[PDB]
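Inspection log for the structure reproduced underneath, given as structure tokens.
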Amino acid sequence: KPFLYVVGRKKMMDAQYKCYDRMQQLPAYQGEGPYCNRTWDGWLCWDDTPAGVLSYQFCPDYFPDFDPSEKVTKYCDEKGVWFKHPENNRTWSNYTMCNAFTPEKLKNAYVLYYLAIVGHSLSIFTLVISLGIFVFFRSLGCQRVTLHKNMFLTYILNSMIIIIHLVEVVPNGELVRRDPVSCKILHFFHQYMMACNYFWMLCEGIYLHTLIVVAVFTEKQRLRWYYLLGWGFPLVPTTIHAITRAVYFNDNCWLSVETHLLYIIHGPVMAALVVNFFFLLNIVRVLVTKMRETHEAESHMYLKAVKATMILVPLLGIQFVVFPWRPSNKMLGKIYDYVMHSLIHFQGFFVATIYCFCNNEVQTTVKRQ
Amino acid sequence: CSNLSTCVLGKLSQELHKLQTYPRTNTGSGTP
Amino acid sequence: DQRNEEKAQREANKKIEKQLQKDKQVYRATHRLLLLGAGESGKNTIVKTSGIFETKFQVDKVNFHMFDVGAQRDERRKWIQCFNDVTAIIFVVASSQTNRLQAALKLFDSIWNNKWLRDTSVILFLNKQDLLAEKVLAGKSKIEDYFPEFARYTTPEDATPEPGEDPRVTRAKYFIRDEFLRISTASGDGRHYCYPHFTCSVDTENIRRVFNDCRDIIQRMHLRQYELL
Amino acid sequence: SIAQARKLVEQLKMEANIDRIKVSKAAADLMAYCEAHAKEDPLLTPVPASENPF
Amino acid sequence: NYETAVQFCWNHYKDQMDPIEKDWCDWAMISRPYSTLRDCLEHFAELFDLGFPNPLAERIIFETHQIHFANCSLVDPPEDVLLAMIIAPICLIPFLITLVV
Amino acid sequence: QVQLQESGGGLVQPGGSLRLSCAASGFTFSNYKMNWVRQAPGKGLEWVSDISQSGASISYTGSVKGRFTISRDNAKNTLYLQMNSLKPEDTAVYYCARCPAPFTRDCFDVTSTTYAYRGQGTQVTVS
Amino acid sequence: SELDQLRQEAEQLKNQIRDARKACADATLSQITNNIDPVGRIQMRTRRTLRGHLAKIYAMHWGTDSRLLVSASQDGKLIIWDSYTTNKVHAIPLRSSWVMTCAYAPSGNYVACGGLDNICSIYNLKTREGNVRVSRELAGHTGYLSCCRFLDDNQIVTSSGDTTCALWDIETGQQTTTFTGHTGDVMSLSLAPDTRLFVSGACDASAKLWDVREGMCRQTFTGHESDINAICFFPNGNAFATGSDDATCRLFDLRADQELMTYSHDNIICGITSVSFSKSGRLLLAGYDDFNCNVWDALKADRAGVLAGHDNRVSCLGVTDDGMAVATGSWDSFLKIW
Ligand SMILES: CC(C)CCC[C@@H](C)[C@H]1CC[C@H]2[C@@H]3CC=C4C[C@@H](OC(=O)CCC(=O)O)CC[C@]4(C)[C@H]3CC[C@]12C
Ligand SMILES: CC(C)CCC[C@@H](C)[C@H]1CC[C@H]2[C@@H]3CC=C4C[C@@H](OC(=O)CCC(=O)O)CC[C@]4(C)[C@H]3CC[C@]12C
Ligand SMILES: CCCCCCCCCCCCCCCC(=O)O
Ligand SMILES: CCCCCCCCCCCCCCCC(=O)O
Ligand SMILES: CCCCCCCCCCCCCCCC(=O)O
Ligand SMILES: CCCCCCCCCCCCCCCC(=O)O
Ligand SMILES: CCCCCCCCCCCCCCCC(=O)O
Ligand SMILES: *[C@@H]1O[C@H](CO)[C@@H](O)[C@H](O)[C@H]1NC(C)=O
């Protein structure tokens, strides 16, 4: 059996001993006369229940198709014994509720799966054209652009490895079961570039903050640290993760995300994105006072304050901080997926459209040449 | 990182892999 | 063989670009300023023969290069185009025979609406408020006869006067400021902004005012590079 | 003043007594120069990429 | 033939678990022995028609928790090492961000 | 040759009127901003009034904000300065000064001591 | 009034000149060139791009070797360019950064620069010390220097914004001839091939033919309507073009003493900043405020080409002595060979 079934059984065997310890720990509960004796049905354990009361418990996480959001039922016959299936006259717990939504979850995932491929297809088509404009038309060449070019390269290279990961590794059943290092070091490059993509948004945020908020006069900043923070730094949490992922909790192609070892990559990355959010609350704060020193109307100041905020969301990755955690609700988490996947997979298309296509300095440069 | 915004692709990659690659768990007679 | 002289030429360009790179640092770090007065506006006192007087001064480790056109004629329509790449134009106004204030208003109008100064901000310095302080409180009307709209003008309620300052000067002090702002609020177009101040040729923060005002210009210039403002 | 304006009148006497050929002759001479040097004009007749050093 | 299968892996679980009788009530010492008893039972449940769990099998598991576990008293990196590789890279960014300025 | 020959002028009683014409020849009218500048005896060249190349934008100095009225006829290539309620402060050589560059919102050096696009001047005396 | 009785002869002489020029105006340049073959579309492509300057490039001048060129930029740098290989031969740091003109001597040993400092700085490009140093500073001018051109190794004509052009002797550093005819800021001068007469365009909308040896103004050409910012002699030495702020180029003549042609277009309402002829004078390359140059036909007056590869205002351009290249300096700190 695959590694996910091994850790699923380890959690299953763990809960087996704890309740058999709990079976002797809890005293004899005398319910409404004849009651259902507490038993361990093989996956979960059920306490002392009265006759006729439907017992509800959360679904276990021992299998991949299961999900802890659903709840299972174990009825109690009106004879002092549990409800047995008329299949073969055996005590049975209704566990269909956990895997009953797998066909609809697989279809809902495929919509997001194709939302990523098509989303990462425009973040490549509209970016190699956008990145091609900056290096070709070097009249636009500046320190803001030379960081945007490296920012565009992180969006491009991550979009390429994400596609390679999405079209080759994760849909392939034959490749993942063999769990070779060909999909493990590719997951490293996938995580390294995602860390490089999320950390280069910080480099843009730091440069945007040092260009506007603090140290306004100085120009031609030291770019050796922006390349280090954007490229040389993200490899440190990735290798520490990749080494620990190989030593501890080594699963097939490192596709599993339930482990806390991925917080090594997504803990500093979410901390670096919070700084980007604290940088958005500083550039907009200055942008508000700049229009307040002009005494512009509030109907037009807010029209520019939100416009400047919405265009800085893709560049600084603010959508990772305004919607940081998935809501546990089924309907709220459903819209959360389509909102986040459309904001992340189209992020490379948003930065290329706003800062390169919609930028007034770039539009004039290409319409003259 | 299962529910974190930064890992939404990894969750999508896992959800697509966990349901397609591995077969559905039997929950009929003879199973808990 | 001629490739021995070309390798000496390509290595000479290496030394040149290294000097140009080291000179690119000092050029962009230094902020060029144009100190352009309106005649006897007292611009000589703000600094404290030759074609131009280059003045060097640094504030908060930021070096500024103020340029005063000394021996240039009053015909400015040609050499004012040389100051397109400056951070700001320090416009010193007398603020007090000939109507010098109207000449400064027309000079500021031509500078503000110049096709090559549309992106150059102007740090307006209404100088010599000490001389104006007795031109309004001792009779001798010089702002009302030269401007009839000053009679139908009241001091803005949000305006902040100086401690121990009569409203008669504050009304005239802000009317002169409003006269230059009527040209700035018309041809601004979100490209350059006027920064009026009340200098007296005796203050010690006039250089600090330029430093704080140049901070907003570079800030608004960077805010426009990202298309934020 | 009254003294500097005199030289402006002095200059106009040295300018109205000069020799002036007709425009038809002054135009045919520039027209002849443009054709007598047309084959030697790289901007007018583009030189091939061999002799062109740019 | 099923009951003959139950007795096979039963003492097989004992000959591995008996030499640990001194501290057989520790979890890290019984991680593998506790699990290699059940996988025989389900594999032998797939051998016959009756599927795990079954009263012929769970009673043996009920037997295990009375012989050794009941007589005793009752109550991946650790939480300290996992944060050593998480808190260090996290707090290192505000140090680097300050030096980028 | 840019020729700005101005008409009108003379000695007028205080509180009278005067119309100052300016035959703007030698250049393309309706393309340049037309200004009016005067030079009082013992004073420097000061700006009086201007007018846009289309006649819409009109400006005067403070002393003649309501008294004087500028006007131009793009067909006749002439510039008018309808002066009314003349005071003993208006006695000055009024000059018809053209803007240096056409199709611009900037008008430079109209009050400079030396300026080639300024008329010869009309000796307007108010006594 | 006596001064008004003095202008009685001045306007009588002006009308006499306006009538004397009317007799010579028996035809027009278009009337004589109405049957000639048009040159067609003259399309030039950017071959080199000199991107070493930092500030806006105000002036540039080609060397007589048609290979080396010097450019002046407002950052205080006089860079001599090897147009063939783009390798910067020299990088002269200037005392005053606001340089408005630069001249490359025909001998190639000296170079000049001038601007708001009212001083022409002659730099010797042949120095055995190891550095390009100031050979002579000409501080006699009272206004900003807008244009300067080398006659000899010791002679240089520098126009200035004080309405005055001057002839200098580099050895003595003193003005040997002073031209005080213009009434506006002289913005550009152009030497004839014989280097015995030069025309200067000023802000008085008039161009004056100046005799260098006699020091007098031979002719005055006031066909323009605004400030003449550009001027360039015809390769034959009998004519010259003038670029002004009225969006019009005008080809005068030293023999007809009147405007022979006007290069105007409805699309062009921007002032000209630089003009230049070809080796044959057929093409009139002019720099405009439209951020691009235009290749005018000197005989047909029809636009035959556009050089639209500049981001900012094209402040200067120059054609080599052999007509092989056209460098066009612009305010975007970029020189481009066409
Ligand atoms: C995970 C795999 C698939 C990709 C690994 C990427 C790195 C090995 C490469 C790709 C992007 C590269 C960077 C792309 C661009 C630059 C900027 C470059 O400097 C410039 O180009 C600035 C000068 C100018 O723009 O004119 C210095 C190297 C660096 C940091 C490169 C260093 C090497 C990097 C990080
Ligand atoms: C998954 C693996 C293949 C990633 C490998 C990444 C390296 C190829 C990157 C990471 C850090 C990078 C370096 C980080 C910083 C710099 C300094 C940088 O210096 C500048 O450009 C300074 C400019 C200035 O003076 O402002 C030149 C590139 C370099 C050496 C980078 C070269 C490429 C490096 C080694
Ligand atoms: C806001 C942008 C929305 C983009 C939506 C992308 C959806 C892609 C759909 C691809 C369909 C491929 C074939 C059908 C597969 C299926 O049934 O899921
Ligand atoms: C930018 C170029 C690539 C664009 C996207 C390419 C992938 C399109 C979707 C492919 C769907 C079928 C996947 C088959 C996977 C497999 O080969 O196992
Ligand atoms: C940037 C995209 C890279 C895509 C490919 C990355 C994985 C290449 C790894 C090659 C060596 C490891 C696999 C060996 C497979 C084998 O045994 O044949
Ligand atoms: C460190 C970055 C590259 C990662 C390379 C892929 C490693 C795949 C796993 C290697 C084998 C498992 C680790 C050694 C055995 C063990 O200690 O469990
Ligand atoms: C989806 C992202 C939303 C981000 C919203 C950003 C709002 C920034 C608010 C900044 C307010 C600045 C003005 C404060 C004035 C004051 O109270 O003194
Ligand atoms: C188990 O629950 C599901 C929930 O819908 C139900 O459809 C199914 O019939 C139940 N099982 C039995 C044996 O009734």
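Every chain in the structure tokens takes a letter, A first, then B, and so on in the order presented; its residues are numbered from 1, and the ligands are numbered from 1 following the presented order.
Summary of the local environment: counting only C-alpha atoms, residues at most 8 Å from residue 11 (chain D), other than itself and those fewer than 4 positions away along its chain, are residues 7 and 15 of chain D; 217 of chain G.
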Could you please take those selected residues and save N, CA, C and O atoms as a PDB file, in the first residue's frame?
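Saved file selection21.pdb follows:
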ATOM      1  N   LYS D   7      22.599 103.057 -36.277  1.00  0.00           N
ATOM      2  CA  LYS D   7      23.311 101.960 -36.923  1.00  0.00           C
ATOM      3  C   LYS D   7      22.351 100.976 -37.580  1.00  0.00           C
ATOM      4  O   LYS D   7      22.715 100.321 -38.563  1.00  0.00           O
ATOM      5  N   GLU D  15      22.761  96.969 -46.914  1.00  0.00           N
ATOM      6  CA  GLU D  15      22.002  95.779 -47.266  1.00  0.00           C
ATOM      7  C   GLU D  15      21.107  95.960 -48.483  1.00  0.00           C
ATOM      8  O   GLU D  15      20.735  94.961 -49.107  1.00  0.00           O
TER       9      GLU D  15
ATOM     10  N   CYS G 217      27.731  92.502 -41.139  1.00  0.00           N
ATOM     11  CA  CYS G 217      26.595  91.680 -41.537  1.00  0.00           C
ATOM     12  C   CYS G 217      26.272  91.985 -42.995  1.00  0.00           C
ATOM     13  O   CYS G 217      25.817  93.088 -43.320  1.00  0.00           O
TER      14      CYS G 217
END
(request) Compute the set of chain A residues within 8 Å of chain C, using only C-alpha atoms, and express it as a ChimeraX atom specification. (result) /A:211-213,216-220,287,290,304,307-308,355,359-361
For chain B versus ligand 8, which residues have an atom no more than 10 Å away, and what is each residue's nearest atom pair and distance in Å rounded to one decimal, using only C-alpha atoms and all ligand atoms, chain-then-number order, as CSV?
residue,atom,partner,partner_atom_place_in_ligand_line,distance
B:27,CA,ligand 8,1 (C),9.6
B:28,CA,ligand 8,13 (C),8.4
B:29,CA,ligand 8,13 (C),9.1
Residues just named, written with N, CA and C atoms as a PDB file, in the first residue's frame:
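File produced: again_8.pdb:
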ATOM      1  N   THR B  27     -16.968   0.680   1.839  1.00  0.00           N
ATOM      2  CA  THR B  27     -17.592   0.970   3.156  1.00  0.00           C
ATOM      3  C   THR B  27     -18.842   0.104   3.259  1.00  0.00           C
ATOM      4  N   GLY B  28     -18.870  -0.996   2.505  1.00  0.00           N
ATOM      5  CA  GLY B  28     -20.033  -1.900   2.494  1.00  0.00           C
ATOM      6  C   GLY B  28     -19.915  -2.967   3.561  1.00  0.00           C
ATOM      7  N   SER B  29     -20.694  -4.039   3.425  1.00  0.00           N
ATOM      8  CA  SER B  29     -20.660  -5.136   4.423  1.00  0.00           C
ATOM      9  C   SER B  29     -19.259  -5.745   4.444  1.00  0.00           C
TER      10      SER B  29
END
(request) Run DSSP on the backbone and grab whatever in chain F lands in strand (DSSP E or B); send it over as a VMD selection string. (result) chain F and resid 3 to 7 10 to 12 17 to 25 34 to 39 45 to 51 58 to 60 68 to 73 78 to 84 92 to 98 118 122 to 126
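Look at residue 287 (chain G): the protein and nucleic acid residues within 10 Å of it, using only C-alpha atoms and passing over chain neighbours fewer than 4 places away, are residues 230, 243, 271, 272, 273, 274, 275, 276, 291, 292, 293, 294, 295, 306, 307, 313, 314, 315, 316, 317, 318, 328, 329 and 330 of chain G.
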Would you pick out the contacts of residue 28 (chain D) at 9 Å or less, using only C-alpha atoms, so that residues sharing its chain but fewer than 6 positions from it are not included, and give the list as a PDB file with C-alpha atoms, in the first residue's frame?
ATOM      1  CA  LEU G  29      12.064  77.078 -56.111  1.00  0.00           C
ATOM      2  CA  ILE G  32      11.885  75.483 -61.170  1.00  0.00           C
ATOM      3  CA  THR G  33      11.718  72.054 -59.473  1.00  0.00           C
TER       4      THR G  33
END
(message) What's around region 11-27 of chain F at 10 Å? Count only C-alpha atoms, leave out sequence neighbours fewer than 6 positions away in its own chain, and write the answer as an MDAnalysis selection string.
(response) (chainID F and resid 1:5 34 36 67:72 74 76:91 94:98 119 121:127) or (chainID G and resid 222:226 246)
